[PDB]
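start_4.pdb follows (PDB, C-alpha atoms):
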```pdb
ATOM      1  CA  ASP A 339      -8.343 -47.932 -18.470
ATOM      2  CA  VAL A 340      -4.845 -46.549 -17.993
ATOM      3  CA  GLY A 341      -6.109 -44.912 -14.799
ATOM      4  CA  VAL A 342      -4.870 -41.717 -13.144
ATOM      5  CA  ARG A 343      -1.171 -40.917 -13.412
ATOM      6  CA  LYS A 344       0.898 -38.994 -10.880
ATOM      7  CA  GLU A 345       0.329 -35.279 -10.400
ATOM      8  CA  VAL A 346       3.155 -33.245 -11.951
ATOM      9  CA  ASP A 347       4.055 -29.783 -10.645
ATOM     10  CA  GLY A 348       4.699 -27.709 -13.744
ATOM     11  CA  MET A 349       3.312 -26.641 -17.084
ATOM     12  CA  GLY A 350       3.285 -30.290 -18.196
ATOM     13  CA  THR A 351       3.544 -31.791 -21.661
ATOM     14  CA  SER A 352       1.281 -30.935 -24.582
ATOM     15  CA  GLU A 353      -1.037 -33.881 -25.267
ATOM     16  CA  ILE A 354      -4.529 -32.811 -26.419
ATOM     17  CA  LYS A 355      -4.499 -30.635 -29.542
ATOM     18  CA  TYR A 356      -7.142 -28.198 -30.774
ATOM     19  CA  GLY A 357      -8.706 -29.413 -34.020
ATOM     20  CA  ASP A 358      -6.135 -32.097 -34.802
ATOM     21  CA  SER A 359      -6.811 -34.329 -31.799
ATOM     22  CA  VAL A 360      -9.982 -36.396 -31.420
ATOM     23  CA  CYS A 361     -11.375 -36.795 -27.909
ATOM     24  CA  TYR A 362     -13.941 -39.023 -26.219
ATOM     25  CA  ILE A 363     -15.678 -37.697 -23.106
ATOM     26  CA  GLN A 364     -15.983 -40.260 -20.306
ATOM     27  CA  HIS A 365     -17.527 -39.872 -16.868
ATOM     28  CA  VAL A 366     -14.883 -40.522 -14.221
ATOM     29  CA  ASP A 367     -17.090 -42.376 -11.740
ATOM     30  CA  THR A 368     -19.658 -44.266 -13.819
ATOM     31  CA  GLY A 369     -17.339 -44.740 -16.798
ATOM     32  CA  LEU A 370     -20.118 -44.119 -19.324
ATOM     33  CA  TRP A 371     -19.336 -42.346 -22.592
ATOM     34  CA  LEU A 372     -21.099 -39.146 -23.633
ATOM     35  CA  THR A 373     -22.905 -39.841 -26.908
ATOM     36  CA  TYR A 374     -25.780 -38.637 -29.070
ATOM     37  CA  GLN A 375     -29.212 -40.209 -28.645
ATOM     38  CA  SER A 376     -29.655 -40.001 -32.458
ATOM     39  CA  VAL A 377     -33.340 -39.155 -31.879
ATOM     40  CA  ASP A 378     -35.094 -36.353 -33.756
ATOM     41  CA  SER A 386     -31.695 -26.877 -34.901
ATOM     42  CA  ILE A 387     -30.280 -30.405 -34.899
ATOM     43  CA  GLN A 388     -31.391 -30.828 -31.264
ATOM     44  CA  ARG A 389     -29.795 -34.247 -30.767
ATOM     45  CA  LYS A 390     -30.158 -35.127 -27.090
ATOM     46  CA  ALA A 391     -26.873 -35.985 -25.371
ATOM     47  CA  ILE A 392     -26.910 -39.099 -23.177
ATOM     48  CA  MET A 393     -24.483 -41.455 -21.456
ATOM     49  CA  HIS A 394     -24.030 -44.928 -22.928
ATOM     50  CA  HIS A 395     -22.090 -47.888 -21.566
ATOM     51  CA  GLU A 396     -20.753 -48.663 -25.063
ATOM     52  CA  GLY A 397     -21.571 -45.589 -27.145
ATOM     53  CA  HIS A 398     -21.773 -45.169 -30.901
ATOM     54  CA  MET A 399     -19.327 -45.413 -33.794
ATOM     55  CA  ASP A 400     -18.875 -41.634 -34.256
ATOM     56  CA  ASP A 401     -18.415 -40.108 -30.801
ATOM     57  CA  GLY A 402     -15.152 -38.172 -31.128
ATOM     58  CA  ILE A 403     -15.276 -34.516 -30.079
ATOM     59  CA  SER A 404     -12.991 -31.877 -31.553
ATOM     60  CA  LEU A 405     -12.104 -28.736 -29.610
ATOM     61  CA  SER A 406     -12.334 -25.124 -30.775
ATOM     62  CA  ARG A 407     -10.858 -22.525 -28.435
ATOM     63  CA  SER A 408     -12.933 -19.386 -27.989
ATOM     64  CA  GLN A 409     -11.319 -15.991 -28.371
ATOM     65  CA  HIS A 410     -10.541 -13.994 -25.245
ATOM     66  CA  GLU A 411     -13.009 -11.306 -26.333
ATOM     67  CA  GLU A 412     -15.817 -13.849 -26.696
ATOM     68  CA  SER A 413     -15.026 -15.518 -23.361
ATOM     69  CA  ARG A 414     -14.970 -12.164 -21.566
ATOM     70  CA  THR A 415     -18.247 -11.163 -23.217
ATOM     71  CA  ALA A 416     -19.870 -14.432 -22.128
ATOM     72  CA  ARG A 417     -18.769 -13.997 -18.515
ATOM     73  CA  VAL A 418     -19.938 -10.368 -18.537
ATOM     74  CA  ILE A 419     -23.284 -11.594 -19.877
ATOM     75  CA  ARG A 420     -23.589 -14.089 -17.024
ATOM     76  CA  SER A 421     -22.709 -11.523 -14.355
ATOM     77  CA  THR A 422     -25.066  -8.890 -15.764
ATOM     78  CA  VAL A 423     -27.896 -11.426 -16.067
ATOM     79  CA  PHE A 424     -27.416 -12.354 -12.413
ATOM     80  CA  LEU A 425     -27.310  -8.739 -11.223
ATOM     81  CA  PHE A 426     -30.282  -7.594 -13.306
ATOM     82  CA  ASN A 427     -32.355 -10.586 -12.208
ATOM     83  CA  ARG A 428     -31.556  -9.602  -8.622
ATOM     84  CA  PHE A 429     -32.610  -6.016  -9.379
ATOM     85  CA  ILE A 430     -35.879  -7.112 -11.004
ATOM     86  CA  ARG A 431     -36.672  -9.438  -8.100
ATOM     87  CA  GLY A 432     -35.986  -6.626  -5.638
ATOM     88  CA  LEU A 433     -38.270  -4.246  -7.520
ATOM     89  CA  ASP A 434     -40.999  -6.896  -7.612
ATOM     90  CA  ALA A 435     -40.563  -7.448  -3.864
TER      91      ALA A 435
ATOM     92  CA  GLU B  10      15.278 -28.153  -8.261
ATOM     93  CA  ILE B  11      12.609 -25.850  -6.837
ATOM     94  CA  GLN B  12      10.861 -23.653  -9.391
ATOM     95  CA  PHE B  13      11.286 -19.891  -9.060
ATOM     96  CA  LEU B  14       8.638 -17.183  -9.414
ATOM     97  CA  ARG B  15       9.156 -15.221 -12.637
ATOM     98  CA  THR B  16       7.275 -12.191 -13.947
ATOM     99  CA  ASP B  17       5.213 -13.376 -16.924
ATOM    100  CA  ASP B  18       3.493 -16.046 -14.830
ATOM    101  CA  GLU B  19      -0.103 -16.549 -13.726
ATOM    102  CA  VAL B  20      -0.518 -17.103  -9.977
ATOM    103  CA  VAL B  21      -3.136 -16.971  -7.225
ATOM    104  CA  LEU B  22      -2.783 -15.472  -3.744
ATOM    105  CA  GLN B  23      -3.883 -17.843  -0.979
ATOM    106  CA  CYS B  24      -4.422 -17.296   2.733
ATOM    107  CA  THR B  25      -5.281 -19.789   5.469
ATOM    108  CA  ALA B  26      -7.981 -18.882   7.993
ATOM    109  CA  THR B  27      -8.641 -20.765  11.239
ATOM    110  CA  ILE B  28     -12.262 -19.816  11.960
ATOM    111  CA  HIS B  29     -14.527 -21.778  14.333
ATOM    112  CA  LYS B  30     -11.574 -24.108  14.987
ATOM    113  CA  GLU B  31     -11.392 -25.124  11.310
ATOM    114  CA  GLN B  32      -8.399 -24.619   9.010
ATOM    115  CA  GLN B  33      -9.620 -23.878   5.479
ATOM    116  CA  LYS B  34      -7.949 -22.216   2.504
ATOM    117  CA  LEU B  35      -9.146 -18.989   0.883
ATOM    118  CA  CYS B  36      -7.983 -17.275  -2.303
ATOM    119  CA  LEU B  37      -8.101 -13.589  -3.181
ATOM    120  CA  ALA B  38     -10.568 -12.799  -5.958
ATOM    121  CA  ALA B  39     -12.182  -9.847  -7.701
ATOM    122  CA  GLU B  40     -15.070  -9.617 -10.150
ATOM    123  CA  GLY B  41     -13.754  -6.525 -11.938
ATOM    124  CA  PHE B  42     -16.907  -5.728 -13.915
ATOM    125  CA  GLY B  43     -19.365  -3.828 -11.736
ATOM    126  CA  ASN B  44     -17.575  -4.590  -8.450
ATOM    127  CA  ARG B  45     -14.027  -3.326  -7.946
ATOM    128  CA  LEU B  46     -13.668  -4.499  -4.337
ATOM    129  CA  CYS B  47     -11.895  -7.797  -3.704
ATOM    130  CA  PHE B  48     -13.202 -10.762  -1.722
ATOM    131  CA  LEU B  49     -12.329 -14.366  -0.884
ATOM    132  CA  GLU B  50     -13.150 -17.673  -2.574
ATOM    133  CA  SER B  51     -12.930 -20.912  -0.603
ATOM    134  CA  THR B  52     -10.685 -23.571  -2.142
ATOM    135  CA  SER B  53     -10.636 -26.216   0.611
ATOM    136  CA  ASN B  54     -14.130 -27.463  -0.290
ATOM    137  CA  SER B  55     -13.107 -28.244  -3.868
ATOM    138  CA  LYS B  56     -14.640 -31.731  -3.799
ATOM    139  CA  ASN B  57     -18.022 -30.226  -2.832
ATOM    140  CA  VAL B  58     -18.109 -26.728  -4.376
ATOM    141  CA  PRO B  59     -15.841 -25.879  -7.343
ATOM    142  CA  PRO B  60     -13.684 -22.800  -6.761
ATOM    143  CA  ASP B  61     -13.832 -19.970  -9.292
ATOM    144  CA  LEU B  62     -10.138 -19.524 -10.041
ATOM    145  CA  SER B  63     -10.891 -17.489 -13.180
ATOM    146  CA  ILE B  64     -11.491 -14.373 -11.068
ATOM    147  CA  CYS B  65      -8.719 -15.453  -8.666
ATOM    148  CA  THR B  66      -5.746 -15.641 -11.038
ATOM    149  CA  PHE B  67      -3.311 -12.731 -11.338
ATOM    150  CA  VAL B  68      -0.322 -12.078 -13.597
ATOM    151  CA  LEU B  69       2.937 -10.430 -12.530
ATOM    152  CA  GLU B  70       3.684  -7.584 -14.937
ATOM    153  CA  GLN B  71       6.807  -5.995 -13.438
ATOM    154  CA  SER B  72       9.081  -6.705 -10.470
ATOM    155  CA  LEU B  73      11.380  -3.677 -10.538
ATOM    156  CA  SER B  74      13.167  -2.318  -7.476
ATOM    157  CA  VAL B  75      11.826   0.230  -4.999
ATOM    158  CA  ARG B  76      14.292   2.946  -6.022
ATOM    159  CA  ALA B  77      13.491   2.163  -9.651
ATOM    160  CA  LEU B  78       9.817   2.611  -8.738
ATOM    161  CA  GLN B  79      10.449   6.040  -7.222
ATOM    162  CA  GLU B  80      12.389   6.995 -10.351
ATOM    163  CA  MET B  81       9.536   5.735 -12.545
ATOM    164  CA  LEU B  82       6.850   7.856 -10.912
ATOM    165  CA  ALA B  83       9.331  10.729 -10.737
ATOM    166  CA  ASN B  84       9.541  10.646 -14.539
ATOM    167  CA  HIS B 110      10.862 -13.152 -17.523
ATOM    168  CA  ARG B 111      12.702 -11.574 -14.605
ATOM    169  CA  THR B 112      12.886 -13.601 -11.404
ATOM    170  CA  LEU B 113      11.167 -12.096  -8.382
ATOM    171  CA  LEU B 114      13.474 -11.103  -5.526
ATOM    172  CA  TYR B 115      12.326 -10.177  -2.036
ATOM    173  CA  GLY B 116      11.904  -6.424  -1.668
ATOM    174  CA  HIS B 117      10.910  -5.558  -5.234
ATOM    175  CA  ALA B 118       7.672  -3.767  -6.082
ATOM    176  CA  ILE B 119       5.370  -6.060  -8.060
ATOM    177  CA  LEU B 120       2.458  -5.218 -10.350
ATOM    178  CA  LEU B 121      -0.483  -7.637 -10.208
ATOM    179  CA  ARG B 122      -2.797  -7.546 -13.231
ATOM    180  CA  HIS B 123      -6.135  -9.314 -12.915
ATOM    181  CA  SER B 124      -6.247 -12.032 -15.562
ATOM    182  CA  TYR B 125      -9.985 -11.802 -16.249
ATOM    183  CA  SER B 126     -10.809  -8.104 -15.916
ATOM    184  CA  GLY B 127      -7.429  -6.958 -17.231
ATOM    185  CA  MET B 128      -7.280  -4.567 -14.272
ATOM    186  CA  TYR B 129      -4.572  -4.097 -11.626
ATOM    187  CA  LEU B 130      -4.658  -4.829  -7.909
ATOM    188  CA  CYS B 131      -4.582  -1.543  -6.011
ATOM    189  CA  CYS B 132      -4.916  -0.051  -2.539
ATOM    190  CA  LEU B 133      -8.207   1.824  -2.788
ATOM    191  CA  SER B 134      -8.263   5.147  -0.955
ATOM    192  CA  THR B 135     -11.837   4.595   0.216
ATOM    193  CA  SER B 136     -12.626   2.157   3.017
ATOM    194  CA  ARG B 137     -15.751   0.203   3.907
ATOM    195  CA  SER B 138     -15.057   1.059   7.584
ATOM    196  CA  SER B 139     -15.903  -2.383   8.986
ATOM    197  CA  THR B 140     -15.030  -1.336  12.553
ATOM    198  CA  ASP B 141     -11.372  -0.961  11.513
ATOM    199  CA  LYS B 142     -11.310   2.847  10.989
ATOM    200  CA  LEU B 143      -7.614   2.594  10.022
ATOM    201  CA  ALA B 144      -7.505   0.101   7.122
ATOM    202  CA  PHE B 145      -8.121   0.687   3.422
TER     203      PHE B 145
ATOM    204  CA  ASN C2316      13.386  10.036  12.931
ATOM    205  CA  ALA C2317       9.760  11.099  12.432
ATOM    206  CA  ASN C2318       9.222   8.657   9.562
ATOM    207  CA  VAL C2319      10.714   5.788  11.573
ATOM    208  CA  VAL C2320       8.631   6.615  14.650
ATOM    209  CA  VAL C2321       5.413   6.870  12.627
ATOM    210  CA  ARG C2322       6.150   3.561  10.901
ATOM    211  CA  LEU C2323       6.841   1.789  14.201
ATOM    212  CA  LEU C2324       3.711   3.240  15.807
ATOM    213  CA  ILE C2325       1.499   2.167  12.907
ATOM    214  CA  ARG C2326       3.107  -1.288  12.950
ATOM    215  CA  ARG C2327       2.127  -1.525  16.616
ATOM    216  CA  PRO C2328      -1.351   0.070  16.765
ATOM    217  CA  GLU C2329      -1.721  -0.769  20.469
ATOM    218  CA  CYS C2330       0.551   2.223  21.179
ATOM    219  CA  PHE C2331      -2.419   4.565  20.633
ATOM    220  CA  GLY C2332      -4.365   3.351  23.675
ATOM    221  CA  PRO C2333      -7.894   1.931  23.838
ATOM    222  CA  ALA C2334      -9.279   4.715  21.692
ATOM    223  CA  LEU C2335      -7.646   5.108  18.253
ATOM    224  CA  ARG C2336      -6.838   1.372  18.283
ATOM    225  CA  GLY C2337      -9.884   0.612  16.150
ATOM    226  CA  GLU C2338     -11.727  -2.699  16.354
ATOM    227  CA  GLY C2339     -14.390  -1.121  18.548
ATOM    228  CA  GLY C2340     -12.305   1.676  20.048
ATOM    229  CA  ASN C2341     -14.337   4.861  20.339
ATOM    230  CA  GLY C2342     -13.259   8.263  19.082
ATOM    231  CA  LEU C2343     -10.659  10.564  20.569
ATOM    232  CA  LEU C2344     -13.387  13.052  21.501
ATOM    233  CA  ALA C2345     -15.280  10.279  23.295
ATOM    234  CA  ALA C2346     -12.111   9.212  25.114
ATOM    235  CA  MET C2347     -11.436  12.783  26.245
ATOM    236  CA  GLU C2348     -15.029  13.199  27.440
ATOM    237  CA  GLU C2349     -14.925   9.904  29.347
ATOM    238  CA  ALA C2350     -11.606  10.891  30.922
ATOM    239  CA  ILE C2351     -13.156  14.205  31.990
ATOM    240  CA  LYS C2352     -16.047  12.285  33.543
ATOM    241  CA  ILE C2353     -13.524  10.106  35.387
ATOM    242  CA  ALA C2354     -11.641  13.206  36.550
ATOM    243  CA  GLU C2355     -14.767  14.793  38.033
ATOM    244  CA  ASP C2356     -16.001  11.428  39.362
ATOM    245  CA  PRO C2357     -14.145  10.152  42.457
ATOM    246  CA  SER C2358     -13.753   6.407  43.209
ATOM    247  CA  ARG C2359     -12.533   6.054  39.600
ATOM    248  CA  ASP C2360      -9.854   8.791  39.509
ATOM    249  CA  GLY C2361      -7.939   8.079  42.715
ATOM    250  CA  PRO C2362      -7.161   4.870  44.598
ATOM    251  CA  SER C2363     -10.039   5.075  47.125
TER     252      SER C2363
ATOM    253  CA  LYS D2413       7.810  14.087  -1.611
ATOM    254  CA  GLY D2414       5.737  10.922  -1.905
ATOM    255  CA  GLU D2415       6.927   9.794   1.517
ATOM    256  CA  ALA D2416       5.755  13.113   2.978
ATOM    257  CA  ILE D2417       2.306  12.838   1.388
ATOM    258  CA  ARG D2418       2.128   9.216   2.563
ATOM    259  CA  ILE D2419       2.925  10.157   6.169
ATOM    260  CA  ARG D2420       0.419  13.017   6.106
ATOM    261  CA  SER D2421      -2.278  10.719   4.709
ATOM    262  CA  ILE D2422      -1.519   8.152   7.417
ATOM    263  CA  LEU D2423      -1.849  10.775  10.155
ATOM    264  CA  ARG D2424      -5.100  12.033   8.624
ATOM    265  CA  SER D2425      -6.442   8.472   8.569
ATOM    266  CA  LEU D2426      -5.554   7.932  12.234
ATOM    267  CA  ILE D2427      -6.961  11.209  13.574
ATOM    268  CA  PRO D2428     -10.203  12.570  12.071
ATOM    269  CA  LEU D2429     -10.605  16.333  11.880
ATOM    270  CA  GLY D2430     -13.949  16.295  13.687
ATOM    271  CA  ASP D2431     -12.402  14.725  16.783
ATOM    272  CA  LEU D2432      -9.869  17.554  17.011
ATOM    273  CA  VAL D2433     -12.609  20.142  16.482
ATOM    274  CA  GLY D2434     -14.687  18.615  19.274
ATOM    275  CA  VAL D2435     -11.773  18.396  21.704
ATOM    276  CA  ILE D2436     -10.928  22.043  21.037
ATOM    277  CA  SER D2437     -14.600  22.953  21.490
ATOM    278  CA  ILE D2438     -14.599  21.306  24.933
ATOM    279  CA  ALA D2439     -14.663  24.005  27.619
ATOM    280  CA  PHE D2440     -12.621  24.326  30.810
ATOM    281  CA  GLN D2441     -13.753  24.848  34.419
ATOM    282  CA  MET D2442     -13.492  28.540  35.240
ATOM    283  CA  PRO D2443     -12.264  29.542  38.712
ATOM    284  CA  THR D2444     -15.142  30.820  40.827
ATOM    285  CA  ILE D2445     -15.228  33.747  43.232
ATOM    286  CA  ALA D2446     -17.456  32.715  46.136
ATOM    287  CA  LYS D2447     -18.825  34.334  49.283
ATOM    288  CA  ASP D2448     -16.356  36.268  51.462
ATOM    289  CA  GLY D2449     -14.238  37.029  48.388
ATOM    290  CA  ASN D2450     -12.616  33.587  48.224
ATOM    291  CA  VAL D2451     -11.246  32.213  44.956
ATOM    292  CA  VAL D2452     -11.954  28.534  44.289
ATOM    293  CA  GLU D2453      -9.665  27.332  41.505
ATOM    294  CA  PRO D2454     -10.042  23.636  40.597
ATOM    295  CA  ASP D2455      -6.787  21.704  40.751
ATOM    296  CA  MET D2456      -5.110  21.787  37.348
ATOM    297  CA  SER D2457      -3.507  18.361  37.813
ATOM    298  CA  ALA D2458      -6.978  16.855  38.379
ATOM    299  CA  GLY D2459      -9.015  18.153  35.430
ATOM    300  CA  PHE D2460      -8.928  19.503  31.889
TER     301      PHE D2460
END
```
Show me this structure written as structure tokens.
Amino acid sequence: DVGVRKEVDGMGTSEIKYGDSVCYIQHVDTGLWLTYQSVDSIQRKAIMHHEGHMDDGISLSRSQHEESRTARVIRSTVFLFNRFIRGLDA
Amino acid sequence: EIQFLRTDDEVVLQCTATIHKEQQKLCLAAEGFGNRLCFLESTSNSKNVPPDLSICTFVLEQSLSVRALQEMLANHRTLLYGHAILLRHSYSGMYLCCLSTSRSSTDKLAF
Amino acid sequence: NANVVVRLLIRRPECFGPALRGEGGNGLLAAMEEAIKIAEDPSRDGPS
Amino acid sequence: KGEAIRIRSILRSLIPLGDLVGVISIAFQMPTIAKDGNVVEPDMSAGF
């Protein structure tokens, strides 16, 4: 529980690395760790545990700019077309 | 040592509005896909509603002089006051522009 | 001089009068018609 | 001259064409010959 360090105005220093680094996700307020329920398409339900499990590290894989843009376009078009369908139904 | 605004940097344009006797911060934003017109995203209520800075960020492409600009359309630099800047939308890849058309929201003189 | 005058006038849009100021100002035709009505209507044209 | 086109566009934005057409279409008040051959000419400094 190192806490929260001072806010730095700038690009900062490189700490968390894609692929190489291993990360554990912790809720800020409750402090619980995000783990797998290990219950039975893996479909392993994600829960919060006070202690967690032995293998909880998460690696990071950055998405390509094309894929990110496509995902956001998908979200926007889904929203707009749902609005259009609801208007036609109204 | 105060940092200086260079060209190849990602920034957001903010404006402060005092409406109904409340001082809150707004940021310029644009969807880009399916809606070219710009709008405002509130950033003051960050603790309650997350701002969408992805459609708010812009990148400075060029900061060349005004006479250089006239010459250009005739045929990591540091920003200086008076230059003509090019603002590329980070998400849509588009450029901020003064649209000729106007919504005509009782202004009749603004674009 | 024309460019400077136009720039100053558009910087100060109040120079165009009630009409042409926008923000609810009616058209120039409407302003002219209302001024004609004032001209042919006493008690609004002179002191009285 | 980009400045010239800019100034012309600004002036066009300020004054719509239809307003000018309507103001030009507005009619004057013709002087009237009345009984006894008397000319009644409305005061120029009071009207259109």
| task | Select all residues near (-2.9, 2.1, 17.5) (cut-off 12 Å, inclusive, file coordinates), counting only C-alpha atoms, and output them as an MDAnalysis selection string. | result | (chainID B and resid 141:144) or (chainID C and resid 2321:2340 2343) or (chainID D and resid 2422:2423 2425:2427)
Taking the file as I've supplied it (selection: the PyMOL selection byres ((chain B and resi 44-47) around 12)), which residues are included? Please answer as a PDB file with C-alpha atoms, in the frame of the given file.
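Output contents, as saved in expr39.pdb:
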```pdb
ATOM      1  CA  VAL A 418     -19.938 -10.368 -18.537  1.00  0.00           C
ATOM      2  CA  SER A 421     -22.709 -11.523 -14.355  1.00  0.00           C
ATOM      3  CA  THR A 422     -25.066  -8.890 -15.764  1.00  0.00           C
ATOM      4  CA  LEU A 425     -27.310  -8.739 -11.223  1.00  0.00           C
TER       5      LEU A 425
ATOM      6  CA  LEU B  22      -2.783 -15.472  -3.744  1.00  0.00           C
ATOM      7  CA  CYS B  36      -7.983 -17.275  -2.303  1.00  0.00           C
ATOM      8  CA  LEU B  37      -8.101 -13.589  -3.181  1.00  0.00           C
ATOM      9  CA  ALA B  38     -10.568 -12.799  -5.958  1.00  0.00           C
ATOM     10  CA  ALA B  39     -12.182  -9.847  -7.701  1.00  0.00           C
ATOM     11  CA  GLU B  40     -15.070  -9.617 -10.150  1.00  0.00           C
ATOM     12  CA  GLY B  41     -13.754  -6.525 -11.938  1.00  0.00           C
ATOM     13  CA  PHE B  42     -16.907  -5.728 -13.915  1.00  0.00           C
ATOM     14  CA  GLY B  43     -19.365  -3.828 -11.736  1.00  0.00           C
ATOM     15  CA  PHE B  48     -13.202 -10.762  -1.722  1.00  0.00           C
ATOM     16  CA  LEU B  49     -12.329 -14.366  -0.884  1.00  0.00           C
ATOM     17  CA  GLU B  50     -13.150 -17.673  -2.574  1.00  0.00           C
ATOM     18  CA  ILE B  64     -11.491 -14.373 -11.068  1.00  0.00           C
ATOM     19  CA  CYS B  65      -8.719 -15.453  -8.666  1.00  0.00           C
ATOM     20  CA  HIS B 123      -6.135  -9.314 -12.915  1.00  0.00           C
ATOM     21  CA  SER B 126     -10.809  -8.104 -15.916  1.00  0.00           C
ATOM     22  CA  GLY B 127      -7.429  -6.958 -17.231  1.00  0.00           C
ATOM     23  CA  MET B 128      -7.280  -4.567 -14.272  1.00  0.00           C
ATOM     24  CA  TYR B 129      -4.572  -4.097 -11.626  1.00  0.00           C
ATOM     25  CA  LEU B 130      -4.658  -4.829  -7.909  1.00  0.00           C
ATOM     26  CA  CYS B 131      -4.582  -1.543  -6.011  1.00  0.00           C
ATOM     27  CA  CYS B 132      -4.916  -0.051  -2.539  1.00  0.00           C
ATOM     28  CA  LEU B 133      -8.207   1.824  -2.788  1.00  0.00           C
ATOM     29  CA  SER B 134      -8.263   5.147  -0.955  1.00  0.00           C
ATOM     30  CA  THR B 135     -11.837   4.595   0.216  1.00  0.00           C
ATOM     31  CA  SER B 136     -12.626   2.157   3.017  1.00  0.00           C
ATOM     32  CA  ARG B 137     -15.751   0.203   3.907  1.00  0.00           C
ATOM     33  CA  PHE B 145      -8.121   0.687   3.422  1.00  0.00           C
TER      34      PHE B 145
END
```
Resolved residues for the PyMOL selection byres ((chain D and resi 2431-2441) around 7) as a PDB file with C-alpha atoms, in the frame of the given file:
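File expr.pdb, as written:
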```
ATOM      1  CA  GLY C2342     -13.259   8.263  19.082  1.00  0.00           C
ATOM      2  CA  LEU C2343     -10.659  10.564  20.569  1.00  0.00           C
ATOM      3  CA  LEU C2344     -13.387  13.052  21.501  1.00  0.00           C
TER       4      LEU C2344
ATOM      5  CA  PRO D2428     -10.203  12.570  12.071  1.00  0.00           C
ATOM      6  CA  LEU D2429     -10.605  16.333  11.880  1.00  0.00           C
ATOM      7  CA  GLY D2430     -13.949  16.295  13.687  1.00  0.00           C
ATOM      8  CA  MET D2442     -13.492  28.540  35.240  1.00  0.00           C
ATOM      9  CA  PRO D2443     -12.264  29.542  38.712  1.00  0.00           C
ATOM     10  CA  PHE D2460      -8.928  19.503  31.889  1.00  0.00           C
TER      11      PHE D2460
END
```
| said: For this structure, which residues satisfy the selection - the PyMOL selection byres ((chain A and resi 348) around 12) - when it is evaluated on the file as given? I want them as a VMD selection string. | reply: (chain A and resid 345 to 347 349 to 352) or (chain B and resid 10 to 13 18)
| said: Between CA of residue 356 in chain A and CA of residue 402 in chain A, what is the distance in Å, rounded to a tenth? | reply: 12.8 Å
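When only C-alpha atoms are used to measure the gap to chain B, the shortest distance among C:2346, C:2341, C:2363, C:2318 belongs to C:2341.
Taking CA of residue 125 in chain B as the reference point, CA of residue 423 in chain A is found at 17.9 Å.
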| said: Residues near residue 2350 in chain C, anyone? I mean within 10 Å using only C-alpha atoms, not counting same-chain ones fewer than 4 positions away, as a ChimeraX atom specification. | reply: /C:2344-2346,2354-2356,2359-2360 /D:2459-2460
| d(CA of residue 2320 in chain C, CA of residue 2421 in chain D) in Å | 15.3 Å
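Proximity of D:2424, D:2417, D:2454, D:2444 to chain B, computed with all atoms listed in the file, is greatest for D:2424.
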